[PDB]
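A.B. asks: File run_27.tsv below, TSV, N, CA and C atoms:
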```tsv
chain	number	residue	atom	x	y	z
A	1	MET	N	-8.66	5.98	23.20
A	1	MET	CA	-9.70	6.77	22.47
A	1	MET	C	-9.10	7.51	21.26
A	2	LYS	N	-8.45	8.66	21.48
A	2	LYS	CA	-7.86	9.42	20.36
A	2	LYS	C	-6.45	9.98	20.67
A	3	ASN	N	-5.79	9.48	21.72
A	3	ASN	CA	-4.41	9.89	22.02
A	3	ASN	C	-3.39	9.04	21.25
A	4	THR	N	-3.03	9.48	20.05
A	4	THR	CA	-2.06	8.78	19.20
A	4	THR	C	-0.90	9.70	18.79
A	5	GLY	N	0.30	9.41	19.28
A	5	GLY	CA	1.46	10.24	18.99
A	5	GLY	C	2.26	9.78	17.77
A	6	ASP	N	2.02	8.55	17.34
A	6	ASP	CA	2.73	7.97	16.19
A	6	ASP	C	2.22	8.53	14.85
A	7	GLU	N	2.45	9.82	14.64
A	7	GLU	CA	1.93	10.52	13.45
A	7	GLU	C	2.53	9.97	12.15
A	8	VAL	N	1.78	9.10	11.46
A	8	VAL	CA	2.22	8.51	10.19
A	8	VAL	C	1.41	9.03	8.99
A	9	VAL	N	2.04	9.05	7.82
A	9	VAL	CA	1.40	9.49	6.57
A	9	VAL	C	1.57	8.43	5.46
A	10	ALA	N	0.53	8.27	4.63
A	10	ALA	CA	0.56	7.33	3.51
A	10	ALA	C	1.06	8.01	2.23
A	11	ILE	N	2.18	7.53	1.69
A	11	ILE	CA	2.78	8.10	0.48
A	11	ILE	C	2.29	7.36	-0.78
A	12	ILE	N	1.52	8.04	-1.62
A	12	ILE	CA	1.00	7.45	-2.86
A	12	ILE	C	1.86	7.84	-4.08
A	13	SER	N	2.44	6.84	-4.74
A	13	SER	CA	3.22	7.06	-5.97
A	13	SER	C	2.65	6.22	-7.12
A	14	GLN	N	2.70	6.75	-8.34
A	14	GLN	CA	2.19	6.02	-9.51
A	14	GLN	C	3.11	6.22	-10.73
A	15	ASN	N	3.29	5.15	-11.51
A	15	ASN	CA	4.16	5.15	-12.70
A	15	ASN	C	5.66	5.33	-12.35
A	16	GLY	N	5.94	5.72	-11.10
A	16	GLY	CA	7.31	5.99	-10.68
A	16	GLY	C	7.51	7.43	-10.21
A	17	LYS	N	6.44	8.06	-9.74
A	17	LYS	CA	6.51	9.41	-9.16
A	17	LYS	C	5.47	9.59	-8.03
A	18	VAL	N	5.81	10.38	-7.01
A	18	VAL	CA	4.87	10.68	-5.92
A	18	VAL	C	3.79	11.66	-6.38
A	19	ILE	N	2.53	11.25	-6.29
A	19	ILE	CA	1.41	12.08	-6.78
A	19	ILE	C	0.55	12.64	-5.64
A	20	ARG	N	0.61	12.02	-4.45
A	20	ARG	CA	-0.22	12.44	-3.32
A	20	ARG	C	0.20	11.72	-2.02
A	21	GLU	N	-0.05	12.36	-0.87
A	21	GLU	CA	0.22	11.72	0.43
A	21	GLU	C	-0.79	12.18	1.50
A	22	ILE	N	-1.50	11.21	2.09
A	22	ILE	CA	-2.56	11.50	3.08
A	22	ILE	C	-2.11	11.15	4.51
A	23	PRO	N	-2.27	12.08	5.47
A	23	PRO	CA	-1.98	11.81	6.89
A	23	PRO	C	-3.02	10.86	7.52
A	24	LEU	N	-2.54	9.78	8.14
A	24	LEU	CA	-3.44	8.76	8.71
A	24	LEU	C	-3.70	9.01	10.21
A	25	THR	N	-2.64	8.95	11.01
A	25	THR	CA	-2.75	9.16	12.47
A	25	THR	C	-3.44	10.49	12.80
A	26	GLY	N	-4.48	10.44	13.63
A	26	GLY	CA	-5.23	11.64	13.97
A	26	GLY	C	-6.36	11.95	12.99
A	27	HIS	N	-6.21	11.46	11.75
A	27	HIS	CA	-7.22	11.68	10.70
A	27	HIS	C	-8.44	10.78	10.92
A	28	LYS	N	-9.35	11.24	11.78
A	28	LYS	CA	-10.55	10.48	12.12
A	28	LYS	C	-11.67	10.70	11.10
A	29	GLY	N	-12.67	9.83	11.12
A	29	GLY	CA	-13.73	9.89	10.11
A	29	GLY	C	-13.37	9.14	8.83
A	30	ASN	N	-14.10	9.41	7.75
A	30	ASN	CA	-13.89	8.71	6.47
A	30	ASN	C	-13.48	9.68	5.35
A	31	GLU	N	-12.65	9.19	4.44
A	31	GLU	CA	-12.18	9.99	3.30
A	31	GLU	C	-11.90	9.10	2.08
A	32	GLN	N	-12.22	9.58	0.88
A	32	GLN	CA	-12.00	8.81	-0.35
A	32	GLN	C	-11.30	9.65	-1.44
A	33	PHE	N	-10.49	8.99	-2.27
A	33	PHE	CA	-9.85	9.64	-3.43
A	33	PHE	C	-9.53	8.63	-4.54
A	34	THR	N	-9.76	9.02	-5.80
A	34	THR	CA	-9.60	8.12	-6.95
A	34	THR	C	-8.29	8.38	-7.71
A	35	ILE	N	-7.40	7.40	-7.69
A	35	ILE	CA	-6.12	7.48	-8.40
A	35	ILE	C	-6.26	7.02	-9.86
A	36	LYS	N	-6.27	7.96	-10.80
A	36	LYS	CA	-6.38	7.63	-12.23
A	36	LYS	C	-5.01	7.72	-12.92
A	37	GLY	N	-4.60	6.64	-13.58
A	37	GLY	CA	-3.28	6.59	-14.21
A	37	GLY	C	-3.31	6.34	-15.72
A	38	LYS	N	-3.51	5.09	-16.11
A	38	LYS	CA	-3.43	4.69	-17.53
A	38	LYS	C	-4.80	4.24	-18.07
A	39	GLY	N	-4.81	3.66	-19.28
A	39	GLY	CA	-6.05	3.23	-19.93
A	39	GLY	C	-7.02	2.48	-19.02
A	40	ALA	N	-8.04	3.20	-18.53
A	40	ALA	CA	-9.09	2.63	-17.67
A	40	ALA	C	-8.57	2.19	-16.29
A	41	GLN	N	-7.27	2.31	-16.05
A	41	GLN	CA	-6.65	1.82	-14.82
A	41	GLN	C	-6.71	2.88	-13.69
A	42	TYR	N	-7.50	2.58	-12.65
A	42	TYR	CA	-7.66	3.50	-11.51
A	42	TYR	C	-7.69	2.74	-10.17
A	43	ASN	N	-7.50	3.47	-9.07
A	43	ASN	CA	-7.60	2.90	-7.72
A	43	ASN	C	-8.40	3.83	-6.78
A	44	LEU	N	-9.57	3.37	-6.35
A	44	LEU	CA	-10.37	4.12	-5.38
A	44	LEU	C	-9.90	3.81	-3.95
A	45	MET	N	-9.17	4.75	-3.35
A	45	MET	CA	-8.61	4.56	-2.01
A	45	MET	C	-9.52	5.19	-0.94
A	46	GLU	N	-9.56	4.56	0.24
A	46	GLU	CA	-10.40	5.03	1.35
A	46	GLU	C	-9.63	5.08	2.68
A	47	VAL	N	-9.59	6.26	3.29
A	47	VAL	CA	-9.02	6.44	4.63
A	47	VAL	C	-10.14	6.57	5.67
A	48	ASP	N	-10.32	5.54	6.49
A	48	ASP	CA	-11.43	5.50	7.46
A	48	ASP	C	-10.92	5.14	8.87
A	49	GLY	N	-10.87	6.13	9.75
A	49	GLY	CA	-10.44	5.90	11.13
A	49	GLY	C	-8.93	5.70	11.28
A	50	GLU	N	-8.14	6.66	10.79
A	50	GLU	CA	-6.67	6.63	10.92
A	50	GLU	C	-6.03	5.44	10.17
A	51	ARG	N	-6.73	4.91	9.17
A	51	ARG	CA	-6.24	3.76	8.40
A	51	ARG	C	-6.73	3.82	6.95
A	52	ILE	N	-5.92	3.28	6.03
A	52	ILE	CA	-6.21	3.37	4.59
A	52	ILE	C	-6.29	1.98	3.93
A	53	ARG	N	-7.12	1.88	2.90
A	53	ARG	CA	-7.29	0.64	2.13
A	53	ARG	C	-7.73	0.95	0.69
A	54	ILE	N	-7.70	-0.06	-0.18
A	54	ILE	CA	-8.30	0.06	-1.51
A	54	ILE	C	-9.80	-0.27	-1.44
A	55	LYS	N	-10.63	0.74	-1.63
A	55	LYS	CA	-12.08	0.57	-1.56
A	55	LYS	C	-12.62	-0.13	-2.83
A	56	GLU	N	-11.93	0.09	-3.95
A	56	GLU	CA	-12.30	-0.54	-5.23
A	56	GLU	C	-11.28	-0.21	-6.34
A	57	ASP	N	-10.94	-1.20	-7.16
A	57	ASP	CA	-10.10	-0.96	-8.34
A	57	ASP	C	-10.22	-2.12	-9.35
A	58	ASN	N	-9.93	-1.84	-10.61
A	58	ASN	CA	-10.07	-2.85	-11.67
A	58	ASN	C	-8.74	-3.59	-11.93
A	59	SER	N	-8.33	-4.41	-10.97
A	59	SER	CA	-7.12	-5.24	-11.12
A	59	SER	C	-7.43	-6.71	-10.82
A	60	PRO	N	-6.85	-7.65	-11.60
A	60	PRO	CA	-7.05	-9.09	-11.35
A	60	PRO	C	-6.31	-9.56	-10.09
A	61	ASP	N	-5.35	-8.75	-9.64
A	61	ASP	CA	-4.57	-9.02	-8.44
A	61	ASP	C	-5.34	-8.63	-7.16
A	62	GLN	N	-5.82	-7.39	-7.11
A	62	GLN	CA	-6.54	-6.88	-5.92
A	62	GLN	C	-5.67	-6.98	-4.65
A	63	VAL	N	-4.35	-6.89	-4.81
A	63	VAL	CA	-3.41	-7.04	-3.68
A	63	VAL	C	-3.74	-6.09	-2.52
A	64	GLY	N	-3.95	-4.81	-2.83
A	64	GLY	CA	-4.32	-3.84	-1.81
A	64	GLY	C	-5.63	-4.18	-1.10
A	65	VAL	N	-6.53	-4.86	-1.80
A	65	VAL	CA	-7.78	-5.34	-1.21
A	65	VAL	C	-7.50	-6.43	-0.16
A	66	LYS	N	-6.55	-7.32	-0.46
A	66	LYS	CA	-6.08	-8.31	0.52
A	66	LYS	C	-5.37	-7.63	1.70
A	67	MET	N	-4.62	-6.56	1.40
A	67	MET	CA	-3.92	-5.78	2.43
A	67	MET	C	-4.90	-5.22	3.47
A	68	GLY	N	-6.00	-4.64	3.01
A	68	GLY	CA	-7.02	-4.12	3.91
A	68	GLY	C	-6.59	-2.88	4.69
A	69	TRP	N	-7.02	-2.78	5.95
A	69	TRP	CA	-6.72	-1.62	6.79
A	69	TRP	C	-5.23	-1.55	7.18
A	70	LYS	N	-4.49	-0.65	6.55
A	70	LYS	CA	-3.09	-0.38	6.91
A	70	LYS	C	-2.95	1.02	7.54
A	71	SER	N	-2.14	1.16	8.59
A	71	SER	CA	-2.05	2.45	9.31
A	71	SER	C	-0.75	2.65	10.10
A	72	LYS	N	0.23	1.77	9.93
A	72	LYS	CA	1.50	1.90	10.67
A	72	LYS	C	2.70	2.10	9.74
A	73	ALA	N	3.71	2.82	10.23
A	73	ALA	CA	4.93	3.06	9.47
A	73	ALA	C	5.61	1.73	9.08
A	74	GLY	N	5.53	1.38	7.80
A	74	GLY	CA	6.02	0.09	7.32
A	74	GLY	C	4.99	-0.66	6.49
A	75	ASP	N	3.71	-0.30	6.64
A	75	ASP	CA	2.63	-0.88	5.83
A	75	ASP	C	2.65	-0.31	4.40
A	76	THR	N	2.17	-1.11	3.45
A	76	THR	CA	2.19	-0.74	2.02
A	76	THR	C	0.92	-1.19	1.28
A	77	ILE	N	0.65	-0.53	0.16
A	77	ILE	CA	-0.44	-0.90	-0.76
A	77	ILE	C	0.09	-0.92	-2.20
A	78	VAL	N	0.08	-2.10	-2.85
A	78	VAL	CA	0.71	-2.24	-4.17
A	78	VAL	C	-0.26	-2.80	-5.24
A	79	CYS	N	-0.54	-2.00	-6.27
A	79	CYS	CA	-1.28	-2.47	-7.46
A	79	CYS	C	-0.45	-2.25	-8.74
A	80	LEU	N	0.36	-3.24	-9.10
A	80	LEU	CA	1.26	-3.12	-10.27
A	80	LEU	C	0.51	-2.98	-11.61
A	81	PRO	N	-0.63	-3.68	-11.84
A	81	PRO	CA	-1.44	-3.49	-13.06
A	81	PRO	C	-1.86	-2.02	-13.28
A	82	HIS	N	-1.85	-1.24	-12.20
A	82	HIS	CA	-2.17	0.20	-12.27
A	82	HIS	C	-0.92	1.05	-11.97
A	83	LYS	N	0.20	0.37	-11.71
A	83	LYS	CA	1.48	1.01	-11.37
A	83	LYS	C	1.36	1.95	-10.16
A	84	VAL	N	0.50	1.58	-9.21
A	84	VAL	CA	0.32	2.37	-7.98
A	84	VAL	C	1.04	1.71	-6.79
A	85	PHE	N	2.01	2.42	-6.22
A	85	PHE	CA	2.76	1.94	-5.05
A	85	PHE	C	2.59	2.91	-3.87
A	86	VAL	N	2.10	2.40	-2.74
A	86	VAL	CA	1.90	3.23	-1.54
A	86	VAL	C	2.66	2.66	-0.33
A	87	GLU	N	3.37	3.53	0.39
A	87	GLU	CA	4.05	3.14	1.63
A	87	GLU	C	3.76	4.15	2.75
A	88	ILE	N	3.62	3.67	3.98
A	88	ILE	CA	3.32	4.54	5.12
A	88	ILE	C	4.58	4.83	5.95
A	89	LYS	N	4.93	6.12	6.09
A	89	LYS	CA	6.09	6.53	6.89
A	89	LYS	C	5.68	7.55	7.97
A	90	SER	N	6.42	7.57	9.08
A	90	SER	CA	6.10	8.47	10.21
A	90	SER	C	6.79	9.83	10.08
A	91	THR	N	6.15	10.86	10.63
A	91	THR	CA	6.70	12.22	10.62
A	91	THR	C	7.89	12.36	11.58
A	92	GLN	N	7.84	11.61	12.69
A	92	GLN	CA	8.88	11.70	13.72
A	92	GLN	C	10.16	10.93	13.34
A	93	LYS	N	11.01	11.61	12.56
A	93	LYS	CA	12.35	11.12	12.20
A	93	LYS	C	12.35	9.71	11.58
A	94	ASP	N	11.24	9.29	10.98
A	94	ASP	CA	11.16	7.97	10.36
A	94	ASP	C	12.03	7.92	9.09
A	95	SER	N	13.31	7.67	9.28
A	95	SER	CA	14.29	7.73	8.19
A	95	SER	C	14.25	6.48	7.31
A	96	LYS	N	13.47	6.54	6.23
A	96	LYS	CA	13.47	5.48	5.21
A	96	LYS	C	14.42	5.86	4.06
A	97	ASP	N	14.83	4.87	3.26
A	97	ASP	CA	15.74	5.12	2.14
A	97	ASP	C	15.03	5.89	1.00
A	98	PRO	N	15.42	7.16	0.77
A	98	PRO	CA	14.78	8.02	-0.22
A	98	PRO	C	15.33	7.80	-1.65
A	99	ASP	N	14.81	6.79	-2.33
A	99	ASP	CA	15.17	6.56	-3.73
A	99	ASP	C	14.47	7.60	-4.64
A	100	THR	N	15.24	8.57	-5.12
A	100	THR	CA	14.69	9.71	-5.88
A	100	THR	C	14.74	9.47	-7.40
A	101	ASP	N	15.12	8.27	-7.82
A	101	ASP	CA	15.13	7.93	-9.25
A	101	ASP	C	13.69	7.75	-9.77
A	102	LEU	N	13.04	8.88	-10.07
A	102	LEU	CA	11.64	8.90	-10.48
A	102	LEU	C	11.47	9.10	-12.00
A	103	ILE	N	10.21	9.19	-12.44
A	103	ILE	CA	9.90	9.43	-13.86
A	103	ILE	C	9.74	10.93	-14.16
A	104	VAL	N	10.31	11.36	-15.29
A	104	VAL	CA	10.27	12.77	-15.71
A	104	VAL	C	8.83	13.33	-15.81
A	105	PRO	N	8.68	14.67	-15.77
A	105	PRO	CA	7.39	15.34	-15.98
A	105	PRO	C	6.72	14.92	-17.30
A	106	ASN	N	5.54	14.31	-17.20
A	106	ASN	CA	4.83	13.82	-18.38
A	106	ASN	C	4.06	14.95	-19.07
A	107	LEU	N	4.26	15.09	-20.37
A	107	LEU	CA	3.64	16.17	-21.14
A	107	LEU	C	2.18	15.86	-21.48
A	108	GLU	N	1.33	16.87	-21.39
A	108	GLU	CA	-0.08	16.72	-21.79
A	108	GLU	C	-0.21	16.83	-23.32
A	109	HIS	N	-0.19	15.68	-24.00
A	109	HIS	CA	-0.26	15.64	-25.46
A	109	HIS	C	-1.66	16.00	-25.99
A	110	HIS	N	-2.00	17.29	-25.87
A	110	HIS	CA	-3.25	17.86	-26.39
A	110	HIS	C	-3.38	19.33	-25.95
A	111	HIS	N	-2.26	19.94	-25.54
A	111	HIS	CA	-2.28	21.31	-24.98
A	111	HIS	C	-2.70	22.35	-26.03
A	112	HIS	N	-3.97	22.74	-25.95
A	112	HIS	CA	-4.60	23.70	-26.87
A	112	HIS	C	-6.08	23.82	-26.51
A	113	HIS	N	-6.64	22.70	-26.05
A	113	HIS	CA	-8.01	22.64	-25.51
A	113	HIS	C	-8.26	21.25	-24.89
A	114	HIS	N	-9.32	21.13	-24.11
A	114	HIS	CA	-9.70	19.83	-23.53
A	114	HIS	C	-9.94	18.77	-24.61
```
Output the structure of this file as structure tokens.
C.D. replies:
Amino acid sequence: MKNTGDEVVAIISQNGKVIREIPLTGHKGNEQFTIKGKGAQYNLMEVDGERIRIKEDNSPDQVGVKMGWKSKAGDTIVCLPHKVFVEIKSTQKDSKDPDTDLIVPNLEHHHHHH
């Protein structure tokens, strides 16, 4: 029913930096969030019943759409046309290789008004 001890979280990174991470295990019900990156390039992600998938995105690959419901430590969601890379890791000592070679803080080229 709802006794799940394998507490895993989905790590969302884009362009080469971690932008968000959603807990899957125990996270019952439905949840949605839109990953906006470059020119018109976005990924509408959906977490429904302790599992995550790409609900909709504008890519000719649609790889994450083929991936479907992912929810275990080791599952991934990859949309290179949008530079979105997602991997699922567990909270309980799930020691994955932490490659920290990320992209520098991107400047908002319009800082003065919207």
A.B. asks: Residues near stretch 50-57 of chain A, anyone? I mean within 7 Å using only N, CA and C atoms, not counting same-chain ones fewer than 2 positions away, as a VMD selection string.
C.D. replies: chain A and resid 23 to 29 42 to 48 59 to 60 62 64 to 65 67 to 72
A.B. asks: I want to know what sits within 9 Å of residue A:61, based on only C-alpha atoms, with residues of the same chain fewer than 4 positions away left out; could you give that as JSON, numbers by chain?
C.D. replies: {"A": [65, 79, 80, 81]}
A.B. asks: In Å, with one decimal, what is the gap from atom CA of residue A:87 to atom CA of residue A:40?
C.D. replies: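 Computing it gives 23.4 Å between the two atoms.
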A.B. asks: Which is closer to residue A:15 than all the others in A:39, A:63, A:85, A:1, using only N, CA and C atoms?
C.D. replies: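 The closest residue to residue A:15 is A:85.
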A.B. asks: Taking the chain letters and numbering used in this document, name the residues of chain A that DSSP puts in alpha helix (DSSP H), as a ChimeraX atom specification.
C.D. replies: /A:63-67
A.B. asks: Can you measure atom N of residue A:41 to atom N of residue A:84 for me? One decimal in Å is fine.
C.D. replies: 10.4 Å
A.B. asks: Identify which of the residues A:49, A:86, A:109, A:92 lies closest to residue A:5, counting all atoms listed in the file when measuring atom-to-atom distances.
C.D. replies: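 Checking each candidate against residue A:5, we get A:92 as the closest.
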A.B. asks: If we count only C-alpha atoms and set the cut-off at 10 Å, which residues sit around residue A:104, ignoring sequence neighbours fewer than 3 positions away in its own chain? Please answer as a count of residues only.
C.D. replies: 4
A.B. asks: So what do you get for atom CA of residue A:90 versus atom C of residue A:21, distance-wise?
C.D. replies: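 For atom CA of residue A:90 relative to atom C of residue A:21, the distance reads 11.7 Å.
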A.B. asks: Taking only chain A into account, list the residues labelled strand (DSSP E) by DSSP (computed from the backbone), as an mmCIF file with N, CA and C atoms, keeping the file's coordinate frame.
C.D. replies:
```cif
data_model
loop_
_atom_site.group_PDB
_atom_site.id
_atom_site.type_symbol
_atom_site.label_atom_id
_atom_site.label_comp_id
_atom_site.auth_asym_id
_atom_site.auth_seq_id
_atom_site.Cartn_x
_atom_site.Cartn_y
_atom_site.Cartn_z
ATOM 1 N N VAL A 8 1.780 9.100 11.460
ATOM 2 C CA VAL A 8 2.220 8.510 10.190
ATOM 3 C C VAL A 8 1.410 9.030 8.990
ATOM 4 N N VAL A 9 2.040 9.050 7.820
ATOM 5 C CA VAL A 9 1.400 9.490 6.570
ATOM 6 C C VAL A 9 1.570 8.430 5.460
ATOM 7 N N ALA A 10 0.530 8.270 4.630
ATOM 8 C CA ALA A 10 0.560 7.330 3.510
ATOM 9 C C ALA A 10 1.060 8.010 2.230
ATOM 10 N N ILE A 11 2.180 7.530 1.690
ATOM 11 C CA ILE A 11 2.780 8.100 0.480
ATOM 12 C C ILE A 11 2.290 7.360 -0.780
ATOM 13 N N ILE A 12 1.520 8.040 -1.620
ATOM 14 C CA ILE A 12 1.000 7.450 -2.860
ATOM 15 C C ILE A 12 1.860 7.840 -4.080
ATOM 16 N N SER A 13 2.440 6.840 -4.740
ATOM 17 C CA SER A 13 3.220 7.060 -5.970
ATOM 18 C C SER A 13 2.650 6.220 -7.120
ATOM 19 N N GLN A 14 2.700 6.750 -8.340
ATOM 20 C CA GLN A 14 2.190 6.020 -9.510
ATOM 21 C C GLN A 14 3.110 6.220 -10.730
ATOM 22 N N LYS A 17 6.440 8.060 -9.740
ATOM 23 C CA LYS A 17 6.510 9.410 -9.160
ATOM 24 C C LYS A 17 5.470 9.590 -8.030
ATOM 25 N N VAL A 18 5.810 10.380 -7.010
ATOM 26 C CA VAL A 18 4.870 10.680 -5.920
ATOM 27 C C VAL A 18 3.790 11.660 -6.380
ATOM 28 N N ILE A 19 2.530 11.250 -6.290
ATOM 29 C CA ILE A 19 1.410 12.080 -6.780
ATOM 30 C C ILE A 19 0.550 12.640 -5.640
ATOM 31 N N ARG A 20 0.610 12.020 -4.450
ATOM 32 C CA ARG A 20 -0.220 12.440 -3.320
ATOM 33 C C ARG A 20 0.200 11.720 -2.020
ATOM 34 N N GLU A 21 -0.050 12.360 -0.870
ATOM 35 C CA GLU A 21 0.220 11.720 0.430
ATOM 36 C C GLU A 21 -0.790 12.180 1.500
ATOM 37 N N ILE A 22 -1.500 11.210 2.090
ATOM 38 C CA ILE A 22 -2.560 11.500 3.080
ATOM 39 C C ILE A 22 -2.110 11.150 4.510
ATOM 40 N N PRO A 23 -2.270 12.080 5.470
ATOM 41 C CA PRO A 23 -1.980 11.810 6.890
ATOM 42 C C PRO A 23 -3.020 10.860 7.520
ATOM 43 N N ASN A 30 -14.100 9.410 7.750
ATOM 44 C CA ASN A 30 -13.890 8.710 6.470
ATOM 45 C C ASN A 30 -13.480 9.680 5.350
ATOM 46 N N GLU A 31 -12.650 9.190 4.440
ATOM 47 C CA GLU A 31 -12.180 9.990 3.300
ATOM 48 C C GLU A 31 -11.900 9.100 2.080
ATOM 49 N N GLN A 32 -12.220 9.580 0.880
ATOM 50 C CA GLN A 32 -12.000 8.810 -0.350
ATOM 51 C C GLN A 32 -11.300 9.650 -1.440
ATOM 52 N N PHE A 33 -10.490 8.990 -2.270
ATOM 53 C CA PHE A 33 -9.850 9.640 -3.430
ATOM 54 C C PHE A 33 -9.530 8.630 -4.540
ATOM 55 N N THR A 34 -9.760 9.020 -5.800
ATOM 56 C CA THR A 34 -9.600 8.120 -6.950
ATOM 57 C C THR A 34 -8.290 8.380 -7.710
ATOM 58 N N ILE A 35 -7.400 7.400 -7.690
ATOM 59 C CA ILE A 35 -6.120 7.480 -8.400
ATOM 60 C C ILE A 35 -6.260 7.020 -9.860
ATOM 61 N N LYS A 36 -6.270 7.960 -10.800
ATOM 62 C CA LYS A 36 -6.380 7.630 -12.230
ATOM 63 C C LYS A 36 -5.010 7.720 -12.920
ATOM 64 N N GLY A 37 -4.600 6.640 -13.580
ATOM 65 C CA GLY A 37 -3.280 6.590 -14.210
ATOM 66 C C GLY A 37 -3.310 6.340 -15.720
ATOM 67 N N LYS A 38 -3.510 5.090 -16.110
ATOM 68 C CA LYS A 38 -3.430 4.690 -17.530
ATOM 69 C C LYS A 38 -4.800 4.240 -18.070
ATOM 70 N N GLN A 41 -7.270 2.310 -16.050
ATOM 71 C CA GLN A 41 -6.650 1.820 -14.820
ATOM 72 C C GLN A 41 -6.710 2.880 -13.690
ATOM 73 N N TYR A 42 -7.500 2.580 -12.650
ATOM 74 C CA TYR A 42 -7.660 3.500 -11.510
ATOM 75 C C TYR A 42 -7.690 2.740 -10.170
ATOM 76 N N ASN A 43 -7.500 3.470 -9.070
ATOM 77 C CA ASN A 43 -7.600 2.900 -7.720
ATOM 78 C C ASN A 43 -8.400 3.830 -6.780
ATOM 79 N N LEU A 44 -9.570 3.370 -6.350
ATOM 80 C CA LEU A 44 -10.370 4.120 -5.380
ATOM 81 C C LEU A 44 -9.900 3.810 -3.950
ATOM 82 N N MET A 45 -9.170 4.750 -3.350
ATOM 83 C CA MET A 45 -8.610 4.560 -2.010
ATOM 84 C C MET A 45 -9.520 5.190 -0.940
ATOM 85 N N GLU A 46 -9.560 4.560 0.240
ATOM 86 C CA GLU A 46 -10.400 5.030 1.350
ATOM 87 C C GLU A 46 -9.630 5.080 2.680
ATOM 88 N N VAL A 47 -9.590 6.260 3.290
ATOM 89 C CA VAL A 47 -9.020 6.440 4.630
ATOM 90 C C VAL A 47 -10.140 6.570 5.670
ATOM 91 N N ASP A 48 -10.320 5.540 6.490
ATOM 92 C CA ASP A 48 -11.430 5.500 7.460
ATOM 93 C C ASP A 48 -10.920 5.140 8.870
ATOM 94 N N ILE A 52 -5.920 3.280 6.030
ATOM 95 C CA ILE A 52 -6.210 3.370 4.590
ATOM 96 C C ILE A 52 -6.290 1.980 3.930
ATOM 97 N N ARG A 53 -7.120 1.880 2.900
ATOM 98 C CA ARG A 53 -7.290 0.640 2.130
ATOM 99 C C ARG A 53 -7.730 0.950 0.690
ATOM 100 N N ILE A 54 -7.700 -0.060 -0.180
ATOM 101 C CA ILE A 54 -8.300 0.060 -1.510
ATOM 102 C C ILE A 54 -9.800 -0.270 -1.440
ATOM 103 N N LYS A 55 -10.630 0.740 -1.630
ATOM 104 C CA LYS A 55 -12.080 0.570 -1.560
ATOM 105 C C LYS A 55 -12.620 -0.130 -2.830
ATOM 106 N N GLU A 56 -11.930 0.090 -3.950
ATOM 107 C CA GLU A 56 -12.300 -0.540 -5.230
ATOM 108 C C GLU A 56 -11.280 -0.210 -6.340
ATOM 109 N N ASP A 57 -10.940 -1.200 -7.160
ATOM 110 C CA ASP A 57 -10.100 -0.960 -8.340
ATOM 111 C C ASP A 57 -10.220 -2.120 -9.350
ATOM 112 N N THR A 76 2.170 -1.110 3.450
ATOM 113 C CA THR A 76 2.190 -0.740 2.020
ATOM 114 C C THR A 76 0.920 -1.190 1.280
ATOM 115 N N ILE A 77 0.650 -0.530 0.160
ATOM 116 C CA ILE A 77 -0.440 -0.900 -0.760
ATOM 117 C C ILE A 77 0.090 -0.920 -2.200
ATOM 118 N N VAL A 78 0.080 -2.100 -2.850
ATOM 119 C CA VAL A 78 0.710 -2.240 -4.170
ATOM 120 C C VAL A 78 -0.260 -2.800 -5.240
ATOM 121 N N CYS A 79 -0.540 -2.000 -6.270
ATOM 122 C CA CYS A 79 -1.280 -2.470 -7.460
ATOM 123 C C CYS A 79 -0.450 -2.250 -8.740
ATOM 124 N N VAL A 84 0.500 1.580 -9.210
ATOM 125 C CA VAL A 84 0.320 2.370 -7.980
ATOM 126 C C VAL A 84 1.040 1.710 -6.790
ATOM 127 N N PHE A 85 2.010 2.420 -6.220
ATOM 128 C CA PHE A 85 2.760 1.940 -5.050
ATOM 129 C C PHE A 85 2.590 2.910 -3.870
ATOM 130 N N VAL A 86 2.100 2.400 -2.740
ATOM 131 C CA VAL A 86 1.900 3.230 -1.540
ATOM 132 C C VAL A 86 2.660 2.660 -0.330
ATOM 133 N N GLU A 87 3.370 3.530 0.390
ATOM 134 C CA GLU A 87 4.050 3.140 1.630
ATOM 135 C C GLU A 87 3.760 4.150 2.750
ATOM 136 N N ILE A 88 3.620 3.670 3.980
ATOM 137 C CA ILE A 88 3.320 4.540 5.120
ATOM 138 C C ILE A 88 4.580 4.830 5.950
ATOM 139 N N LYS A 89 4.930 6.120 6.090
ATOM 140 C CA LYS A 89 6.090 6.530 6.890
ATOM 141 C C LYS A 89 5.680 7.550 7.970
ATOM 142 N N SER A 90 6.420 7.570 9.080
ATOM 143 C CA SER A 90 6.100 8.470 10.210
ATOM 144 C C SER A 90 6.790 9.830 10.080
#
```
A.B. asks: So for stretch 42-59 of chain A, what box centre and size do we get, axis-aligned, 3 Å extra on each of the six sides, every listed atom, Å to one decimal, as lines of an AutoDock Vina configuration file?
C.D. replies:
```
center_x = -9.3
center_y = 0.0
center_z = -0.7
size_x = 12.7
size_y = 19.4
size_z = 29.9
```
A.B. asks: Using all atoms listed in the file, pick whichever of A:96, A:110, A:89, A:38 has the shortest atom-to-atom distance to residue A:8.
C.D. replies: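 Checking each candidate against residue A:8, we get A:89 as the closest.
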A.B. asks: Around (1.2, 13.1, 1.7) in the file's frame, which residues reach within 7 Å when counting all atoms listed in the file? Return as a PyMOL selection string?
C.D. replies: chain A and resi 9-12+20-23
A.B. asks: Please determine, counting all atoms listed in the file, which residue among A:76, A:83, A:30, A:99 has the shortest atom-to-atom distance to residue A:13.
C.D. replies: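 Among A:76, A:83, A:30, A:99, it is A:83 that comes nearest to residue A:13.
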